[PDB]
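Data block below; observations after.
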Amino acid sequence: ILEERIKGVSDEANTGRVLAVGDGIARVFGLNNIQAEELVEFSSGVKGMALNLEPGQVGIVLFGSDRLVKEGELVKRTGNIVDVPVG
Amino acid sequence: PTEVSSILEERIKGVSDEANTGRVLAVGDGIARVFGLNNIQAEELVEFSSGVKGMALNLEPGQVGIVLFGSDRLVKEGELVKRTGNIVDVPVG
Amino acid sequence: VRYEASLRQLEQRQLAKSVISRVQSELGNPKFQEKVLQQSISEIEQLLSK
Amino acid sequence: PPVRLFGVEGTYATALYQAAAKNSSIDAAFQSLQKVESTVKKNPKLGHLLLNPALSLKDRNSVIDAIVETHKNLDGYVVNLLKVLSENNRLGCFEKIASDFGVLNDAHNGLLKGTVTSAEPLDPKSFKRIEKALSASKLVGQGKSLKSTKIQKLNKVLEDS
Amino acid sequence: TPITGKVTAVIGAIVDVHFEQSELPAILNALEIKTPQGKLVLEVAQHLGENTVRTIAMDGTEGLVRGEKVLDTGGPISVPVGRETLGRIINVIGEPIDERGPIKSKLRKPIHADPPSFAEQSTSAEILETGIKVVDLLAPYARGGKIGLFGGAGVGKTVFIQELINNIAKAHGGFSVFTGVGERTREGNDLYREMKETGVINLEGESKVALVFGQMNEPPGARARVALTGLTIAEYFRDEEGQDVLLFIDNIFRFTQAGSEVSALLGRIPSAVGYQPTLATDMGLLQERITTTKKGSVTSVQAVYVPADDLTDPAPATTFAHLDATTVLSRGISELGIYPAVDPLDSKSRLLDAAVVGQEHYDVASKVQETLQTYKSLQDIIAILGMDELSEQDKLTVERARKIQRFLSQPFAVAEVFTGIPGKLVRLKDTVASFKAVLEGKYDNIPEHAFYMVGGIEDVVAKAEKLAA
Ligand SMILES: Nc1ncnc2c1ncn2[C@@H]1O[C@H](COP(=O)(O)OP(=O)(O)NP(=O)(O)O)[C@@H](O)[C@H]1O
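Here's what the structure looks like:
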C-alpha cells in the first residue's frame, strides 16, 4: 500500500493503448472487458474492430488508413458489435 | 477341457511384483511434448500411464517429442510417461 | 465348434466381470490387511536395492 | 552450476547468481526478490502502469529506483536486476525471474523431486539413496490419509488375456 | 461438483480456456459457456500445457469476453440415438431443431467412437439395382456398400442423390439417416417438405428417416462435426437394433474443408494446397466408421464435392480409396446436356465382375467402354480434321459411341422441372439387353437424337417413329 503513491506515474488508467500498428492491424494493450467482434474508436475517430483476444493484447482491424493511428494512442470501446442503421 | 476358465486365472495370478520417466507438458494431434525422460533413446518406445504407447522422435534440450500409437483423448497434461528401454521391434519367424 | 467356442468365451468373460466387481467392492470395505501389507512391501524393496 | 534451466528465458536469474555468489550475498537476495513480486501483484498500482508498451527508458528506471529506496532489502545488488529488465522490455515477466532464483539454492543445498501423494521431505544431507530410505519410513506412519496404482495394474492385465 | 474454467483467448472459432486446478477436461470433451441466448458448446481439441486447453467452438464466438466462466460437462458431445429420433431434425450437438420439443430417447451417445475393428469386418457382393442405366450397367452399386458421387459445382450430385433416395428409400423398409453437411438450408428445408409429402416422415405417424443438419451457414466447428452426429445415430441402428440402414451424406467434402478452416488457428503448419496435415487420418477415423459390420448392414451414398473441378485436389484424391463404387460427374458432360452427367469412363465399382453381374453384362460393359474410349482417342483428329478423315471402321464406332453416349442419359423424375419430360426408371436386365442390341448395330439406322433422354430401348423406337413424322 506504501508503493502506490510513491510511484507517481498516473496509476489510474481504466480503453486501451496501441502497442504497435502496421499492415491494417493494430495490437492494443488492455481493453479487458472487450468482447470479440465489438467495434473500437481510436484517438482520431478511426473505427477498428476486435479480431482476436489473447492474454495481454487485443488484435484490432482498422476500418481505414493506418496513418490515422499512432503507437501509444488511447482506444475506446463502443460496446457495439459491428452494426448498421436499418429500416 | 474341465473348467478352462480356472487355468487362465492361475497363470495370471502373480505377475506384478517388481514395478517400484517424464511428465507430459502439452498434448495434441497425435503428439505429446514431455518434460523428462533423460535416459531415453532416439526412436525409443514409451508407455503412457493411460496405456497408449508412443515413440520418441525429437529429443530436444528442454523436452521430448512423442508420436502416439493411439488416440490421445486418453493423454492429459501432467500424466506420467514411462521408458520402455526398447527401440520399436517385431516378432518374426 | 463355433457355438461351443462362443459359449466358453462368454462364460469366461462373465466370470471375469464378476471377479473384477468383487475385488473392487472388497477394497472399498476398509481393508486393514491391505494397508499393513502396502507399508511392509515398500520397506523390503528399498533394502534389496541398497 | 549444472542445473540447465532452459537457455533463453531461464538465463535471467542464472546471470546474476554469478555476481551474487561472492562475499556471501546469496542469503539477502532471497528475501529481496520476494518483496518486488508481492508489492506489484497484490497492490493494484504499479502493475498497470508498467505492463503497458508506453513510458520511456528514463521513466522506467526512475520508478524502479524510487520504490527500492523505501522497501525492505534493496540497497545491495538488487537495484541492478530491475534496471536490466526496464531497458530491454522484460518487466512483464517478473514472476519468472524470481521463481528461477529460488531453484538454485534448493538444488545445491537440498533435495527436490517427489514420491507419492503430496511432497517428500527434501533433506540437505549428501547422497539421495541414504536420505530417501530414512525419510520414507517416518512419513508413511505419520499422517498418510490415502485419498490407486496397484488396483489399476491388476485389472489391465486380466482384460488383455 | 462442477469444474469451471476461464476464457483466456478468442481467435475465430478457437477458444482457449484456463482451468484452476489439476483436473483438466479430456481431449474431445464438451464445454459449455452460458449465453444470454442459450449456451455455447466447445470441444477440447488440445492441451496447451500449463492448465490451459484449446477448444473449437460448435458455434459463433461473437461477444465472448476474456475471463469468462466455462463449465466442463465431463463427456464428448452427446446425441439422442434409437427409434426416438426418427422424423426429428437434429443438431450437430444432438438437439431438436424441428420446433417440436425434447427428443425423449433412452440413451445419449458420444459422437466420437472408434471405427469397427478388423475382426468385426464383413463383406459380400450383392448388387443393388438403382434403375439408373449408367450405374446399373457400368459401375453397379452394392447393398451395404459405400457409394460416392464426385463432382464440381452444379453438375448434379444433390439431384442425383435425390433420385437414389427416390428409388431405393421408398421400397427399402428399414431406417434412413440423412445428413446435410455444408449444403443449402433451402435444400434442407425442401427435403423436410419432400418427406412429409411422400410420407417417409409422418409427424402424426411412424417414420423411416432421420434428419441431421450442419449447413453451410454454420461455423467451421459445427461443420467439422455434424457428420459424426449423423454417424453415431446410424451406428446405433446398425449395431444395437441390427438394421439395414440407408445413410445419405451431402456433402462430405464440407467436413474436410471445415478441418482446414480451423487448422492454422490450431497452430498447425499447413500441408499441400493449404490443408490440415492430418487430412488423411481425420478422414480415416470418420470414413472407416461408415461401414457394414458383422452386426448390421449399412449402404451409404455420400456426396463428394470436388474443389475447382480438380479431381487430384487432396480432399477427393484421398476419399476414393474409401469407396466401393465411385461415380463421377463431368462439367463438360452436363454442358452437353447429358444427365445424369456421369463419366462413363471414370466411374468404377467393385461389383462389375462376371462372378457377380455375369459374362454378358460383363461383356456388354467392356465393349461399350472400348467404343467410348475409341471415340475419346479420336477427339483430336475430329476436332481438327473432322469426320471425313476417319477410316470406315473408325467412322462407325464414332456414330455408335455418340449413340451409346446419348443413350446413357436418362430422364429423372426428381429433375422433371429441368427436362420437362416425366422421368424414367429402366431395369438392370432391361439396360443390358438394350445396349447389347445397339452394340450389335441393330439400330444403326436410327437418328442419334432418338437415343437422347428416354428410357429403355423401346423408347428409342418410339421417339424415332415420332420424329420420322
Ligand atoms: N440428372 C439431372 N437432370 C437434369 N438436370 C440436372 C441433373 N443433375 C444436375 N442437373 C442440373 O444441374 C444443376 C445442379 O444440380 P445439383 O443436384 O444442385 O448439383 P450439385 O453438383 O449437387 N451442385 P452444388 O450442390 O451447389 O455443388 C440443377 O439445377 C439441375 O438443373
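Chains as they are written, first to last, in the authors' numbering: chain B, 13 to 26, 30 to 102; chain C, 7 to 26, 30 to 102; chain b, 158 to 207; chain O, 8 to 154, 181 to 194; chain F, 7 to 475. Don't be surprised by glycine CBs; every beta carbon is placed ideally from N, CA and C.
Member of the options whose CA lies at the smallest distance from the CA of residue i
i, options, result
"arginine 82 of chain C", "C/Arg32, C/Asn95 and C/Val61", "C/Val61"
"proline 350 of chain F", "F/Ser213, F/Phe259 and F/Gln379", "F/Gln379"
"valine 99 of chain C", "C/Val84, C/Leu54 and C/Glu88", "C/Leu54"
"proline 86 of chain F", "F/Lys112, F/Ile9 and F/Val76", "F/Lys112"
"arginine 192 of chain F", "F/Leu209, F/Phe219, F/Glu169 and F/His178", "F/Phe219"
"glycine 63 of chain B", "B/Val76, B/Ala25 and B/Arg92", "B/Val76"
"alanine 27 of chain O", "O/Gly83, O/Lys139 and O/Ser133", "O/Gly83"
"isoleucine 207 of chain F", "F/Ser415, F/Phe184 and F/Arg244", "F/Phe184"
"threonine 298 of chain F", "F/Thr324, F/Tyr242 and F/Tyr311", "F/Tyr242"
"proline 122 of chain F", "F/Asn172, F/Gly186, F/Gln293 and F/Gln282", "F/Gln293"
"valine 33 of chain B", "O/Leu23, O/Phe101, O/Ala36 and O/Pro60", "O/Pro60"
"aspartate 72 of chain O", "O/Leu89, O/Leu58 and O/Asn80", "O/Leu89"
"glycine 447 of chain F", "F/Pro428, F/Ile410 and F/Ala470", "F/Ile410"
"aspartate 78 of chain F", "F/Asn223, F/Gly100 and F/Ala32", "F/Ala32"
"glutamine 282 of chain F", "F/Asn257, F/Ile390 and F/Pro320", "F/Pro320"
The alpha helix (DSSP H) enclosing residue i, as first and last residue numbers
i, result
"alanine 407 of chain F", "398-414"
"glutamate 138 of chain O", "135-148"
"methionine 201 of chain F", "191-204"
"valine 91 of chain O", "86-94"
"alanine 443 of chain F", "434-445"
"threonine 164 of chain F", "163-170"
"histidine 367 of chain F", "365-390"
Distance CB(residue i)-CB(residue j) smaller than 8 angstroms
i, j, result
"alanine 347 of chain F", "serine 340 of chain F", "yes"
"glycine 11 of chain F", "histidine 24 of chain F", "yes"
"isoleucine 153 of chain F", "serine 306 of chain F", "yes"
"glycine 162 of chain F", "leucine 335 of chain F", "yes"
"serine 182 of chain F", "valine 215 of chain F", "yes"
"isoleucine 103 of chain F", "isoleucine 95 of chain F", "yes"
"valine 71 of chain F", "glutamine 72 of chain B", "no"
"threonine 238 of chain F", "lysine 40 of chain F", "no"
"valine 75 of chain O", "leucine 53 of chain O", "no"
"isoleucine 83 of chain F", "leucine 271 of chain F", "no"
"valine 90 of chain B", "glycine 37 of chain B", "no"
"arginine 412 of chain F", "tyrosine 345 of chain F", "no"
"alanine 148 of chain F", "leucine 357 of chain F", "yes"
"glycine 148 of chain O", "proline 131 of chain O", "no"
"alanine 309 of chain F", "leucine 155 of chain F", "yes"
"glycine 302 of chain F", "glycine 248 of chain F", "yes"
"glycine 93 of chain F", "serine 213 of chain F", "yes"
Whole-angstrom distance between residue j and residue i, CA atom to CA atom
i, j, result
"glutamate 56 of chain B", "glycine 280 of chain F", "35 angstroms"
"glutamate 189 of chain F", "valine 304 of chain F", "23 angstroms"
"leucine 143 of chain F", "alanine 371 of chain F", "7 angstroms"
"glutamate 68 of chain F", "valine 21 of chain F", "11 angstroms"
"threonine 437 of chain F", "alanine 407 of chain F", "16 angstroms"
"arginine 11 of chain O", "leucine 119 of chain O", "15 angstroms"
"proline 8 of chain F", "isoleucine 62 of chain F", "21 angstroms"
"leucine 402 of chain F", "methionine 393 of chain F", "10 angstroms"
"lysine 42 of chain O", "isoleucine 33 of chain O", "15 angstroms"
"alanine 264 of chain F", "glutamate 86 of chain C", "27 angstroms"
"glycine 462 of chain F", "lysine 472 of chain F", "16 angstroms"
"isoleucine 174 of chain F", "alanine 131 of chain F", "18 angstroms"
"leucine 205 of chain b", "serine 199 of chain b", "11 angstroms"
"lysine 48 of chain O", "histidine 55 of chain O", "10 angstroms"
"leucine 111 of chain O", "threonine 18 of chain O", "12 angstroms"
"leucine 253 of chain F", "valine 97 of chain C", "40 angstroms"
"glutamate 183 of chain b", "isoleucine 177 of chain b", "10 angstroms"
"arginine 231 of chain F", "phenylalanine 124 of chain F", "25 angstroms"
Bounding residues of the beta strand (DSSP E) (the contiguous stretch that carries residue i)
i, result
"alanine 35 of chain B", "31-37"
"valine 183 of chain F", "181-187"
"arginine 149 of chain F", "No beta strand (DSSP E) contains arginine 149 of chain F, which DSSP labels as neither H nor E."
"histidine 24 of chain F", "20-25"
"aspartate 256 of chain F", "251-256"
"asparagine 35 of chain F", "No beta strand (DSSP E) contains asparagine 35 of chain F, which DSSP labels as neither H nor E."
"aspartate 72 of chain O", "Not the beta strand (DSSP E): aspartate 72 of chain O falls in the alpha helix (DSSP H), residues 64-75."
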